[PDB]
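Residue numbers (full-length UniProt numbering), protein chains in the order written: chain A, 68 to 77, 82 to 202; chain B, 915 to 956; chain C, 3 to 365, 370 to 407, 415 to 458; chain D, 160 to 212; chain E, 178 to 236; chain F, 266 to 424; chain G, 372 to 502, 524 to 618; chain H, 109 to 134, 159 to 162; chain I, 6 to 126.
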């Protein structure tokens, strides 16, 4: 009816009480790659769809949670990924997607432009002078 | 002729630690255990 | 910062609250209620709940009626401690100490914890009587009630011997018996405090097996550890350490051995004497002093453990014969040889038996004759001890100047003993070279 | 003694645990349409089933 | 086969029986083994020192 | 009806594990013993396992991921939901986990290999389990009664 | 060689260990007053005789040989009385044998200490040695595992109360054991007790003086009072 | 050490499998 | 009993313990029942020595099963205390298992020792 109490007397908040307790970000490196991708999604869809340029100093938020779309009861034959495409991470989905050859092609173009005249060109000129 | 017996404080503390102060076997049984521990009989 | 030091001394010795925050905190410190309600809890409802608990206590046991008159009364609802003079405060300290010794037995019950919650939240026992309150809660040192008392205790009111609970107040976990006995074998202050508390309780006849077993265990492990400290090899240092141990212990063991009314504490004292004799190497006079007080102090309820302790004492003596009054009291023992066989089943009673035989031989009464005969036919002495015992017996029969008739009957009874002790008596007669026929004819004709 | 009984029995115990959970929540959502304060008050699912009985 | 000695170079050159169940074998590694027939065990292994008359250190 | 069937199935399982290996049942309990028998496949296959394996039975995913990534391996498996480690907390819980794994290996070898003259009581069959349980509980109460660090008691001044 | 030898306490016999190993070691017994060979006792081992000791009344002798075997071999019947094995000693190195009031048929020496090469020193009670028959696997009254390296020197008190055993290969390996309690004395030697590398120890005849001599070549003395 | 042990266990199973398959592919008889 | 490949010859026991001490100095050794079990399961153990004086024999009787499955020789020496202070432990070990390597004099000694164990069988 009236018992002895137990004395349990021995920074940032863990759960946002005003947003129904979203946990703090456990910054796994997979989560860091996912957040790099989400800040970088203007490049992922290469040119076909642009996004509002949201760019802060830190791209990790203070509160996140990784999720998955469950289902639309009105669309379930083409609005639903197959089992062989349900990847665990967003970047795994992106690599399983197409246009990765397009990324590689653009990357090689930028690599040629940046190795244009830096040091291999000067070694070539020096050999052609000394010969 | 005898000599002073030697005892290990680990053994004596285990004997006294086997129960709390309340709800221990009574002091007669505890005394016989202590005397049997200290008894110099081969 | 000498000024700061003297001021902190004043601030620690200060007793009353003097600003509203200190008042609120000192009223919020509580046992049963959480502090959130203990702040806003006034004295009427406190007295109602805890008086209900104290009523349950009076229907448990009878002797709570004086405290019903003086401590749990409708005027003690109102009385403030810090507005009374020093002598009123001293009389209040006596009444509080009496109630604490009385409530120490049933502390594991919610009624007793309600009564102590009243005493704390009104008379501020945790600030004015920390010594006796902390000693009374000491034997229950595992239960969550003791954990909460450790929480609410103010750090600077804890006296010096109990100042080893600082890490546990830092991390609220109940201190273990290893910690208690280690502080007991280092400081003599805690040991003397526990022994003083328990002797006070046993004088007031409010003891109980939990407290007695606690005190016995703590002092037993403490004496073990203290002798293990005192052993130092250099002859002078071990002599001084033996004297220091005995001066630190002697009154406690004396009163706990002479205290008849509580066989619990007398058996616990016997345990302490047994350890102190077997482990520590003492002197002959100290051992015979322990025996003299022990045989002055035992009773029927403690006779057989008392004989165990007497056995261990006589074993660890150096001389062979015992001192007198011990022989008188072991005459007074009813079933001596049966009890000694029961002990010799596990404890090697030989030296005690030999000392009794030499004492009775030196005693010129002849009302000891059945005990001497039973001890000699008991086969509890060594054969050399039996031989020298019979030799001294025949020497006393020669020394005597009726008595000769009784000793002649006993001597022919021993001479016609049958077993190995009869073998020993025969070879003793043969080695002393006297005529069994001369004694038989002189005593029979 | 043969322990294939032990293996099959503990597998059946795990299957029975998950089956009991899903049927108890089903009777929760299938009776709560008539009385949802019961599901709020009684969390113990066997006691829920007994009081529905 | 009762036993075999651990060393392969141990050669058994004599044998005589002490009793009904105890066999005494004389072995060329300066050894006289006393085996027991029933359990086939090795009761004991009497031994002798080197010969100090010539070389060939095994008796 | 399903719940009553589960309850009598658990009673049957306790009876059967008591019949098979009384040492492991006297040690931890028929339920966790059944879990270990399940994860090993057979009583002899479990008796072939060493003590550390019986410690980390059930935590195989975390174990092999931590070992292949040079992380720190998990401390225990189903031995956690065993009873006796439930009394400890933290590091003492880890030490009880090791010691209980080793004694469980001993008891399962005894229960799966010792032979008995069949007029033998369950008590003299499970003597190893009873002795191991008592000794292990003594070690646990000792680790629980380990004292904290002594500190310098400062007065009011700082002296 | 004539290096290792021991004289009986009766002073009539003296024993020399032969240098002939071949899995089994023998020792010759010589009458002292004429210095003549009188007998030869041989035990089986793996390298020969580790150590040995005369009995207190000087009739038999106890030989502790490596591979842990121990033979009690008497003088009266001049053959082996008995053989036992030290409990698990992978090889004996030194033995000693002292005390009073033991088995009168085995010479009346109560305590026997055997120090192996692992550092372990077993102390056996020679009344417990008897099952004349000898128990093949006697249990030590106490096993000492205090010293870490190979036991080099062991000596009893001539009064049979003290037992000093020391290992040399470590700086200061020496311990002192009271008997019959079999407890190591814990307040000596301290961390600064200048033993050295203890090569030889000797108790005086009245057992008052312990003499220790180290490998540097210095002798030191301790009175032994109680 | 733990990581190298795991890799060695894997390689031992693979070596057993490969030696078995190689023997299965390819004064003896009297 | 169940200790059928027993090593009773004292010269054989002395050779086995000398080899165990040498391998212990070379750290080519695994001490104790659980480490013996792990080494035999991983298949690295060249030879395995058990102790017959264990008071419940069943706490070591499992090792010959996997030893027969993996074709590795096992032999019972008498005294667990002897095996212990041969390993250099001052605790009574009951099952020691000494492995092989690419090349060592101890590898040649292990080949000769398992030849002697096969002789014992």
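Beta carbons are placed, not taken as given, at the ideal position from N, Cα and C, and that holds for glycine.
Endpoints, beta strand (DSSP E) assigned at residue i
i	result
residue 36 (chain I)	34 to 36
residue 422 (chain G)	420 to 425
residue 54 (chain I)	50 to 56
residue 224 (chain E)	218 to 224
residue 208 (chain D)	Residue 208 (chain D) -> not in any beta strand (DSSP E); alpha helix (DSSP H) instead, spanning 204 to 211.
8 Å Cβ cutoff met for residue i and residue j
i	j	result
residue 556 (chain G)	residue 593 (chain G)	yes
residue 428 (chain C)	residue 386 (chain C)	no
residue 450 (chain G)	residue 416 (chain G)	no
residue 177 (chain C)	residue 143 (chain C)	yes
residue 104 (chain C)	residue 208 (chain C)	yes
residue 329 (chain C)	residue 365 (chain C)	yes
residue 169 (chain D)	residue 299 (chain F)	yes
residue 379 (chain G)	residue 453 (chain G)	no
residue 955 (chain B)	residue 350 (chain C)	yes
residue 74 (chain I)	residue 115 (chain I)	no
residue 64 (chain I)	residue 80 (chain I)	no
residue 295 (chain C)	residue 260 (chain C)	yes
residue 68 (chain I)	residue 45 (chain I)	yes
residue 200 (chain E)	residue 189 (chain E)	no
residue 282 (chain C)	residue 229 (chain C)	yes
residue 222 (chain C)	residue 948 (chain B)	yes
Where the alpha helix (DSSP H) containing residue i begins and where it ends
i	result
residue 370 (chain F)	356 to 378
residue 304 (chain F)	295 to 305
residue 463 (chain C)	This structure leaves residue 463 (chain C) out entirely; chain C is present only between 3 and 458.
residue 243 (chain C)	237 to 260
residue 385 (chain G)	Where residue 385 (chain G) is concerned, there is no enclosing alpha helix (DSSP H), although the beta strand (DSSP E) it sits in stretches over 384 to 388.
Residue i burial status per 10 Å Cβ neighbour count (16 or more: buried)
i	result
residue 192 (chain D)	exposed
residue 134 (chain C)	buried
residue 83 (chain A)	exposed
residue 441 (chain G)	buried
residue 404 (chain C)	exposed
residue 179 (chain C)	buried
residue 493 (chain G)	buried
residue 529 (chain G)	exposed
residue 208 (chain E)	buried
residue 121 (chain A)	exposed
residue 434 (chain C)	buried
Residue i: contacting residues in chain I (beta-carbon distance under 7 Å)
i	result
residue 371 (chain F)	64
Partners in chain E for residue i, counting only beta-carbon separations shorter than 7 Å
i	result
residue 17 (chain I)	183
Neighbouring residues, chain G, relative to residue i (Cβ below 9 Å)
i	result
residue 227 (chain E)	391, 392 and 393
Closer than 7 Å at the beta carbon, the chain C residues around residue i
i	result
residue 87 (chain A)	The contacting residues do not exist; residue 87 (chain A) stays about 25 Å from chain C at best.
Interface residues of chain D facing residue i [CB-CB closer than 8 Å]
i	result
residue 267 (chain F)	175, 178, 179 and 182
Beta-carbon neighbours of residue i, restricted to chain B and to distances below 8 Å
i	result
residue 317 (chain C)	916 and 954
Contacts that residue i makes with chain I (C-beta to C-beta distance below 8 Å)
i	result
residue 396 (chain G)	Chain I residues near residue 396 (chain G): none, gap ~15 Å exceeds 8 Å.
Under 9 Å from the C-beta of residue i: neighbouring residues of chain H
i	result
residue 326 (chain F)	Going along chain H, no residue has its Cβ under 9 Å from residue 326 (chain F), so there is no contact; the nearest lies around 14 Å.
Could you give the uninterrupted runs of the alpha helix (DSSP H) lying entirely in the segment 80 to 161 of chain C, keeping only those of 4 residues or more?
-> 88 to 105, 112 to 125, 127 to 130, 132 to 139 and 146 to 154
May I have a chain-ordered list of the alpha helix (DSSP H) segments no shorter than 4 residues that lie completely inside the UniProt domain "Fcf2 pre-rRNA processing C-terminal" (86 to 177) of chain A?
-> 100 to 115 and 161 to 167
Which whole runs of the alpha helix (DSSP H) in the segment 329 to 363 of chain C are 4 residues long or more, in chain order?
-> 338 to 349
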